[PDB]
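Notes follow once the structure below has been shown.
Protein chains: 4
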Amino acid sequence: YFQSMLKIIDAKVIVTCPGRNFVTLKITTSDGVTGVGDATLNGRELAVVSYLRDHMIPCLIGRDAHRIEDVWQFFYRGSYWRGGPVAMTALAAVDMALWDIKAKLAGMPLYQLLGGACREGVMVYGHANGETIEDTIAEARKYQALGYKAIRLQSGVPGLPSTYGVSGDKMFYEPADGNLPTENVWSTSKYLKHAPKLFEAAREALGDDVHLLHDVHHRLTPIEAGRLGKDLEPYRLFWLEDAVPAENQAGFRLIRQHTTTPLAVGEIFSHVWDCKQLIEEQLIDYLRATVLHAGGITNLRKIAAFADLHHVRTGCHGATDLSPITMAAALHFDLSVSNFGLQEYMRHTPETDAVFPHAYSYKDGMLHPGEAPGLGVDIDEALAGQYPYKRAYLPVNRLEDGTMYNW
Amino acid sequence: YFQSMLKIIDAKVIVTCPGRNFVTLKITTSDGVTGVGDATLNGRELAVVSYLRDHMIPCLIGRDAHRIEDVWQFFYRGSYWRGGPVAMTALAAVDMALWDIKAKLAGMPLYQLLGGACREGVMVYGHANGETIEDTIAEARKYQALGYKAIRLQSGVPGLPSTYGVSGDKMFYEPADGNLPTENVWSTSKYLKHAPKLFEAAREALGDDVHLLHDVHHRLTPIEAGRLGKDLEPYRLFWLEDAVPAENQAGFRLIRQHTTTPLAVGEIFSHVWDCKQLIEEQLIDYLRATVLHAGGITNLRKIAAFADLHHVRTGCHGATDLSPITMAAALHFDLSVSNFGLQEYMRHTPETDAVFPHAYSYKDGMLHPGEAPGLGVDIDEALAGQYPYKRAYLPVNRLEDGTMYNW
Amino acid sequence: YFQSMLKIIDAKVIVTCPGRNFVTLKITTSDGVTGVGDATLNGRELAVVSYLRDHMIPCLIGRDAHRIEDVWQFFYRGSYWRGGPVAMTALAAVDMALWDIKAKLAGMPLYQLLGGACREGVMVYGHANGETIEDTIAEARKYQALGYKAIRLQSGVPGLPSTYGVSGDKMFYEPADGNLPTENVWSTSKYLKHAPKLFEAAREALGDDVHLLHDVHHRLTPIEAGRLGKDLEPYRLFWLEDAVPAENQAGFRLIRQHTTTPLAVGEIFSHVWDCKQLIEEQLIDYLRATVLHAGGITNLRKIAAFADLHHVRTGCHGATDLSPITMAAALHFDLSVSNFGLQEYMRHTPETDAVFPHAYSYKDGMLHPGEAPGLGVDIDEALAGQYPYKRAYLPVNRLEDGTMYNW
Amino acid sequence: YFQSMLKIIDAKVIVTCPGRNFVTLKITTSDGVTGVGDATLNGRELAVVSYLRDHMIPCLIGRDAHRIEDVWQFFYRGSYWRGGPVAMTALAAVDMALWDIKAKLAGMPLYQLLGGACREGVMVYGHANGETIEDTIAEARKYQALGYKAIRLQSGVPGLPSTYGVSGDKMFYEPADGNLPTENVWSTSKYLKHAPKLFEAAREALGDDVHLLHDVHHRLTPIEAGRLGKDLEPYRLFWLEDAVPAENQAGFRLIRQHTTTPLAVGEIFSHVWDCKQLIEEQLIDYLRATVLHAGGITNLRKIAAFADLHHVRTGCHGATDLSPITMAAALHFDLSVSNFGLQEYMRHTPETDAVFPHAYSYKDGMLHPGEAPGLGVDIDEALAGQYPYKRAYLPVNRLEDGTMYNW
Ligand SMILES: [Cl-]
Ligand SMILES: [Cl-]
Ligand SMILES: [Cl-]
Ligand SMILES: [Cl-]
Ligand SMILES: [Cl-]
Ligand SMILES: [Cl-]
Ligand SMILES: [Cl-]
Ligand SMILES: [Cl-]
Ligand SMILES: [Cl-]
Ligand SMILES: [Cl-]
Ligand SMILES: [Mg+2]
Ligand SMILES: [Mg+2]
Ligand SMILES: [Mg+2]
Ligand SMILES: [Mg+2]
């Protein structure tokens, strides 16, 4: 035998909007084996397109496709300016595509390369939202009837025109809805009094077996989050998510000091450095970082092993802005990681599913990555060409006095 | 006078199964004085048999039997690969047997060498289990009627086919029941809601004088354990045991931060290094490490003196898989240690008692080691020969999704 | 496609002594694909044989061979008594054999599953020993002439009959040489004055390009190690190894405080818990834990990712008591791990190489795992049968006054 | 068999001055077996006499002599006002006498009850003092010629009439020489410049094999001690003792930060609380606390086990004001403790040896406790009656300006 080099002979970025924007990388190797990776960065999509097309891809051509770790370190260190959502999301696409290729050459679904199956499927949660508590609870009943064992509840705040998680969309939430960003208004005090009522009513209506989750969406200070967690303790939430802006990781110390409600954070994190203190101080229970926005399978696996030393479990973000390619990768990761916690699942539109055909599927409150070789996913480029990019921004949020705040 | 060397002239390992597996070491010295030690490691018994027969014993022959500490350091450091349950359990058998010999030469029950009696007897707890709370409480009444001042309560979790501590055995629990390991299924959420009801009903039925204990059996995360401890505070438990897997000792910081329910851990520990942080940070109230699995009388005494600097008391593990030889040693230790907390007591079968005749006995919620010279215990080798080894494993435990978990 | 279960249909333990004792596990799957793992625990070999044969293997038969992580967690948690050198070495054999199988099914050398190659080969060091400094330096010149870029130097201590690393063996050191353990005598003060002279002369003779290493072999206290490190600073050692017994991990704080000589430790570690504090406090530069004694490829990879957060690099132990099966596994690991530091290499005897035929090879100061599918190694069972087990112990070490000490 | 109570039927305190003051406790049990303990508190002797005669002894009469630990806790907790040199020295006499009795009943020298021998004898150091460096070195040569492997050096400080350790006594130092306390004058600056010259010359004259020690005698601040330790590093002292007054245990942090010279402290300590921080922070290498002044065999053993977790070794104080009864006890302790470091040995006068006949003896730089049953020591009461108490105080020390300072 000889070392086999499978050269990368081509790599391209495809942009499509089958209901929302998605950016995809497709790598082709010498013998025609291809791999794809998601590179979608909601609301800043084209920055990642240029990062890939104009800078990374020309360095990728002609490389040995087998050298996954080396390529990862090459782009991570070689950019000189290190990390960040654009670079790490661009790197995630490369990593996903190379692991797709690796598993195809091995003749196995990717999870078999990552340690094999640790569970029979991946528990998911869906998204119950409504303008009132009553509407939110009605939506949650539908998720129960659908076999979901875990449900995130989000309700409008009385006295506020809008809040995170509440829209006309039922089976998903699709926030990037402005040709310019939608402006929202916020009151912490109104929200803090209301949230516990939501869960009080929800437990009464829905019973104790179902797992209930809530996303604070970055809107509190640590002492307010400690209070909110404490008020929510009687309802035993599965997690309370993104309670406070987390750049200052020590901010979670006060929360942890004042409540036993479990804490989750990090859908926006792009590297281990965004959560190292959170994890090593046991300040959170679930890490929400994803293969898409934190640098691929390669990096998320490393982070998850670190998390497992500190009683932290995975709770990967799963909003519609992560394409089916991310979902495939995420599911191979979730099926094989020992310290799995929960997987978010917002349904994509039928058009998105058709552009990104995949083997994964839902059954009885669980997703499963399927048994096809590779990620078990691809892009239909002809169909993708029928849905041109359309600019869309995430909303922003301001205080009652106009102060710029967190959405 | 001259230094007297009492040479070890023989040492052998006897395996017997008078109801369950037991491994025993018997050392003979030049003048015929013998000592025995327990070497039983539930579910991995024969690994310790080989560790002793094939490696340790040949180094033991011809040594001065008086040099207890030196022999201890010889095997502990000399194995090169240090500690671990197999090695420390093997070393525990040696240490117990040498202390048996030492006390016999001194003409005294062992506790007289270890500082003398500090109490009139050793308070014990027994094991009330039942499929329902009602059955568990009925079992606890029987223990009260038997004079037990302390009782561990364990109840089935509704919606779960089985849980730790609950079986058809009443006066004891005998888990190693599989020719292969029994698989169990687990739900933390079902358990967390149920456990407090058990103790609410138990206090109402049983009154406030009796000490009530609970064994979580490794199944929670620190934040869940903090919650469970908090929910149990109104019932004033004597201890809440093995709340979380303890390899990461800092994990107990969150528990201690959120509850005043007293904490116990460590039946599986094999050395001081498994609990040094727990003790020095005052993260626990009772250490459950035993003479059998943490390296004998010599080492447990050292650990207990360290524990006494930090308000930690002994709460030695006492399941049926510790033979009467361990029980004898444990009782000499418990009677003489100043910072004694409680001793676990599961009754052995009549056949086990006959194979291991002993002076210790139960009366009015207490055990006492007896006044015979030595440990006050021996093995009847002829009777032991009538009960051949039979393979039996401890159960395992998995989450609802198949994830490998803690039993 | 369907989930493919490749059942384990057989597993056996083979013991052989082609120059020294080796224990091997061989797993056979339904279609005849086999994998092997090393289970050798120097000086306590047969304890691991029984741990595997009598307890683990019967649980292994009929399992899905693809489920590597699940099997790992099954044995690690399921033993109930957790970790320890016997259990983790037994588990390492299972893990190595399953990864061998996985890579064979994938049609790839194992390193391709673990991230691909990160380097063109694996830098090694050899072992220069001699009774005097002059003899040690003469031996080091031979290693230089052999293309070794890194060399460990160990010299006799004047006034002491023997010391670690110094024997009649030149291309390797084979300590387990007693039908009972050889007793050695030790003086720290003689050693502390002498070691720096060794390296002073060595730099003068050998130049500055070559990497020089030293193994303290557990013999100092932290303040003595700080002094020794300081005295060695002018000679810029690659690492100073096992300076102090490391059960108390905080012991390395004083060393780190007083010297910039790089530190390595952990050939004896069996799990991440033996080094978590060392790593997270940046108290060491190289972790010496191995796939053999710390629970296989699966676990060492996890530990290495943790190490990479803290500037720690791998420096895997490589003495002759790790069989060629471990070496193969270690090399696949070393080639693919990003934070590689150095690999120890003691040459095996020709008879050992013949019993364990392998693809890895040495060239110009580097080893390379080779490109065969799997680990690239196997056992020749017929030849192995010609070399029956022969009992052999590691030496022990005592102070000048007889006190039991560290070898 | 029945529990045997050996009642204490009498206990008395004998005061004698065979060269210096000694206080002794003698306990008699029902069958005539007796035990003795030292209660000497240099310079405050009669306070301990009254503490015993007037308060403790009447509570002792009629107690079970076998209950060593219980008696210890009885006096330690029961005094209400806890610890202190008077109470703990009084308690030490009781503990020594009870352990003497216990070993006599067992028919063994005491070390056999405390774990057996860990070494062939107990390394000691003697006391070289002189007015000049030259005289000090001349005295050290005599100790070498006597087979001492370790020697404390103390020299006069030029420009100062006197300093600690320097007197007309050669084989010992006998400071309590005032019918009122002798006043001394002190200059730290003169001392700091001089001490390193002493050891520079001493190494040159005496060679590198011999262990050299120095007693700072409480006279520096931490930053000065750090400097002195640093200046002494080239001469590799065995220890630097009592560098700073140690009530503030954190004071040793600065020393440890600035020097690798090993540190010893604690001849004056009366309980574990005087050194818990020193030990747990690894701020010292040798604990100097003794069986006499820190509460007997029972308590020193506990402290030594704690010390062994932190790389601390025993370095028991051994000045002439500890009677041969303490020396006997100390030697049984030193022979049997695993983490032994060194034992101080100042020779008693011939008259003292005759009043306190004993089995221990010196040979080749070592003491050995002997093989007689018990402590191997007694008091000759008739001879003791020939040497009436004579008041004698320890010296005091003041700064050049009159400021009260530390002797
Ligand atoms: Cl493109
Ligand atoms: Cl509402
Ligand atoms: Cl046997
Ligand atoms: Cl082990
Ligand atoms: Cl019930
Ligand atoms: Cl076999
Ligand atoms: Cl030499
Ligand atoms: Cl009197
Ligand atoms: Cl006092
Ligand atoms: Cl002078
Ligand atoms: Mg969110
Ligand atoms: Mg338990
Ligand atoms: Mg080594
Ligand atoms: Mg002194």
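Residue numbers (my numbering), protein chains in the order written: chain A, 1122 to 1528; chain B, 1122 to 1528; chain C, 1122 to 1528; chain D, 1122 to 1528. Cβ coordinates follow ideal geometry from the N, Cα and C atoms, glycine included.
Could you check the C-alpha separation between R1409 (chain C) and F1123 (chain B) for me, to the nearest Å?
About 48 Å.
Chain A beta carbons: is any one of them nearer than 9 Å to that of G1280 (chain B)?
Chain A, which has a Cβ nearer than 9 Å to the Cβ of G1280 (chain B), makes this yes.
Assuming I1135 (chain B) contacts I1148 (chain B) (C-beta within less than 8 Å), just tell me the rounded distance between them.
Their Cβ separation, rounded to whole angstroms, is 12 Å, which puts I1135 (chain B) and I1148 (chain B) out of contact at 8 Å.
Answer yes or no: does any C-beta atom of chain A fall closer than 9 Å to that of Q1378 (chain B)?
Chain A, which has a Cβ nearer than 9 Å to the Cβ of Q1378 (chain B), makes this yes.
Against chain B, which members of the stretch 1380-1401 of chain A pass a CB distance test of less than 7 Å?
Per Cβ criterion, the list reads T1381, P1383.
Where does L1301 (chain B) land, buried or exposed, given buried means 16+ other C-beta within 10 angstroms?
By the 10 Å Cβ count, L1301 (chain B) comes out exposed.
Hey, does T1419 (chain A) have any beta-carbon neighbour from chain C nearer than 9 Å?
Interface residue (Cβ-Cβ distance to chain C less than 9 Å): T1419 (chain A) is classified as such.
Could you please tell me which residues of the stretch 1123-1148 of chain D, in chain order, have their CB closer than 8 Å to any CB of chain B?
Within the stretch 1123-1148 of chain D, the residues whose Cβ lies closer than 8 Å to some Cβ of chain B are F1123, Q1124, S1125, listed in chain order.
Assuming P1383 (chain C) and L1349 (chain C) form a contact by the criterion Cβ under 8 Å, report the distance between their Cβ atoms to the nearest whole angstrom.
With 8 Å as the limit, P1383 (chain C) and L1349 (chain C) do not qualify as a contact, their Cβ atoms being about 13 Å apart.
Starting from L1430 (chain D), find everything on chain B with Cβ-Cβ shorter than 7 Å and list it in chain order.
Ordered by position in chain B, the residues that pass the 7 Å Cβ test against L1430 (chain D) are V1393, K1397, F1427.
Mind checking the stretch 1185-1212 of chain B against chain D and listing, in chain order, the residues whose C-beta falls within less than 7 Å of any C-beta there?
Listed by position, the residues of the stretch 1185-1212 of chain B near chain D (Cβ gap below 7 Å) are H1187, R1188, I1189, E1190, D1191, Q1194.
In angstroms, rounded to a whole number, what distance separates the CA positions of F1143 (chain B) and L1173 (chain C)?
Rounded to whole angstroms, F1143 (chain B) to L1173 (chain C) spans 19 Å at the Cα level.
DSSP puts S1276 (chain A) in a beta bridge; with which residues?
Partner residues in the beta bridge of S1276 (chain A), as assigned by DSSP, are A:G1251.
Does any residue of chain C bring its CB to less than 9 Å from the CB of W1528 (chain B)?
Yes, because at least one Cβ of chain C sits closer than 9 Å to the Cβ of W1528 (chain B).
Please name the residues in the stretch 1481-1511 of chain D whose beta-carbon is closer than 7 Å to at least one beta-carbon of chain B, in chain order.
Within the stretch 1481-1511 of chain D, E1492, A1493 place their CB atoms closer than 7 Å to a CB of chain B, listed in sequence order.
For review: beta carbons within less than 5 Å of any heavy atom in ligand 1:
Matched residues: A:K1133, A:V1134, A:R1174.
At 3 residues or longer, and completely inside the stretch 1361-1426 of chain B: list those beta strand (DSSP E) runs for me, N to C.
List check, beta strand (DSSP E) in window: 1384-1386.
Strictly below 9 Å CB to CB, what residues from chain D border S1459 (chain B)?
Among the residues of chain D, those whose CB is under 9 Å from the CB of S1459 (chain B) are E1190, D1191, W1193, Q1194, following chain order.
Would you say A1346 (chain D) reaches chain C, if we count a Cβ-Cβ gap shorter than 9 Å as a contact?
For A1346 (chain D), the closest Cβ of chain C is not nearer than 9 Å.
Over what stretch of residues does the beta strand (DSSP E) that includes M1487 (chain C) continue unbroken?
From DSSP, the beta strand (DSSP E) with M1487 (chain C) extends over 1487-1489.
Could one say the Cβ of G1372 (chain C) lies closer than 9 Å to chain D's Cβ atoms, at least one of them?
Yes, contact with chain D.
Would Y1201 (chain B) be called buried (16 or more neighbouring beta carbons within 10 Å of its own) or exposed?
Buried: at least 16 other Cβ atoms inside 10 Å.
Would you say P1279 (chain B) and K1311 (chain B) are within 9 Å of each other, going by their C-beta atoms?
By the CB criterion at 9 Å, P1279 (chain B) and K1311 (chain B) fall inside the cutoff.
Is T1447 (chain A) near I1189 (chain A), with beta carbons less than 9 Å apart?
Their beta carbons are not under 9 Å apart, which means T1447 (chain A) does not touch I1189 (chain A) by this criterion.
So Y1269 (chain D) packs on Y1294 (chain D), CB below 8 Å; how close in whole Å?
Rounded, the Cβ-Cβ distance is 15 Å, inconsistent with contact.
To the nearest whole angstrom, what separates the beta carbons of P1516 (chain A) and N1305 (chain A), a pair I think is in contact under 8 Å?
The pair is a contact, with the Cβ atoms about 6 Å apart (cut-off 8 Å).
Along the stretch 1298-1319 of chain C, where does the CB come closer than 8 Å to a CB of chain B? Name the residues.
Result list: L1301, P1302.
Three-state secondary structure assigned by DSSP to residue 1086 (chain B):
No answer is possible for residue 1086 (chain B): the residues shown for chain B start at 1122 and end at 1528.
For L1353 (chain B), go through chain A and note every residue whose CB falls closer than 9 Å to its CB, in chain order.
Here the premise fails: no neighbours, minimum Cβ distance about 13 Å.
May I have the straight-line CA-CA distance separating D1175 (chain A) from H1438 (chain A), to the nearest angstrom?
The alpha-carbon atoms of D1175 (chain A) and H1438 (chain A) are separated by roughly 29 Å.
When the Cα of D1442 (chain A) is compared with those of A:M1126, A:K1133, A:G1140, which residue comes out closest?
Selection A:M1126, A:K1133, A:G1140 evaluated against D1442 (chain A) yields A:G1140 as nearest (Cα-Cα).
Applying a beta-carbon distance threshold of less than 8 Å, which residues of chain B neighbour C1239 (chain A)?
Proximity of chain B to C1239 (chain A) at the Cβ level (cut-off 8 Å) is accounted for by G1523, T1524, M1525, in chain order.
Pick from A:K1318, A:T1470, A:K1223, A:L1404 that is closest to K1291 (chain A), judged by C-alpha positions:
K1291 (chain A) has its Cα closest to that of A:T1470, out of A:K1318, A:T1470, A:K1223, A:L1404.
Give me whichever residues DSSP pairs with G1158 (chain D) in a beta bridge.
Note: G1158 (chain D) sits in a beta bridge opposite D:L1146.
Quick check on the DSSP output: what are the complete alpha helix (DSSP H) runs of length 4 or more inside the stretch 1179-1266 of chain A, in order along the chain?
Those alpha helix (DSSP H) runs which fall completely within the stretch 1179-1266 of chain A and span 4+ residues are 1189-1199, 1206-1227, 1254-1266.
Residue environment, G1183 (chain B), which counts as buried when at least 16 other CB atoms sit within 10 Å:
Exposed: under 16 other Cβ atoms inside 10 Å.
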